[PDB]
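**Student:** make a model of this:
(chains A and B)
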Amino acid sequence: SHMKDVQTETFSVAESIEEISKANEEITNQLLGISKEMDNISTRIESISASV
Amino acid sequence: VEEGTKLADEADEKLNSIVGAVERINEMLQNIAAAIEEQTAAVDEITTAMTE
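**Tutor:** Numbers count the residues shown, from 1 in each chain, chains lettered A, B, ... in the order given. Below, you will see the structure:
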């Protein structure tokens, strides 16, 4: 049928939504590690403030 | 003998007055000693707080 040129685009957006999903998950993982590291930096600055 | 007896009691008051004067110097030095020690303890805890 005419569903050939439909198929060539419905293969690539499934190989691309997968990279979006993977990359958004990498951003989410990095964000939550930074959030932890930042909330530990807060403690260290507060310790410097106490010394002041 | 009378002129020498009363002239001897002139030096006796002056030597007694030097004991008094020097023990006023000593009274000031004993307060500087405690203050320098207490100040030395405070500067140490600051140099520890700055090493932190």
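
**Student:** so which bits of chain B are right by chain A?
**Tutor:** Within chain B, the positions near chain A by Cβ under 8 Å from any Cβ of the partner chain are B:49, B:50, B:52. In this view, the C-beta of every residue, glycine as well, is placed from N, C-alpha and C.

**Student:** near chain B, which residues of chain A?
**Tutor:** By the rule Cβ under 8 Å from any Cβ, the part of chain A lying against chain B is A:47, A:48, A:51.

**Student:** now restrict the residues you listed to buried residues only.
**Tutor:** Neighbour-count burial (16 or more other Cβ atoms under 10 Å in any protein chain shown) is assigned to none of these.

**Student:** could you dump the residues you listed into CSV with secondary structure and distance to residue A:9 added?
**Tutor:** Output for those, formatted as CSV (DSSP: H, G, I helix; E, B strand; the rest coil; distance: Cβ to Cβ, whole Å):
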residue, secondary structure, distance to residue A:9
A:47, helix, 57
A:48, helix, 57
A:51, helix, 62
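
**Student:** count of neighbours near residue B:49?
**Tutor:** Other residues lying near residue B:49 total 13 when counted by other Cβ atoms under 10 Å in any protein chain shown.

**Student:** circling back: return the subset of the residues of chain B next to chain A lying in strands.
**Tutor:** In strands, judged by DSSP state E, none of the residues of chain B next to chain A are found.

**Student:** which one among these gets closest to residue A:29?
**Tutor:** Closest to residue A:29 out of the residues of chain B next to chain A is residue B:52 (32.9 Å), distances taken as Cβ to Cβ.

**Student:** check contacts around the closest residue to the closest one other than its chain neighbours.
**Tutor:** In space, and not counting its chain neighbours, residue B:52 is closest to residue A:51: 5.7 Å by Cβ to Cβ, 6 or more residues apart in numbering or on different chains. Residue A:51 sits next to B:49, B:50, B:52 when contact means Cβ atoms under 8 Å, 6 or more residues apart in numbering or on different chains.
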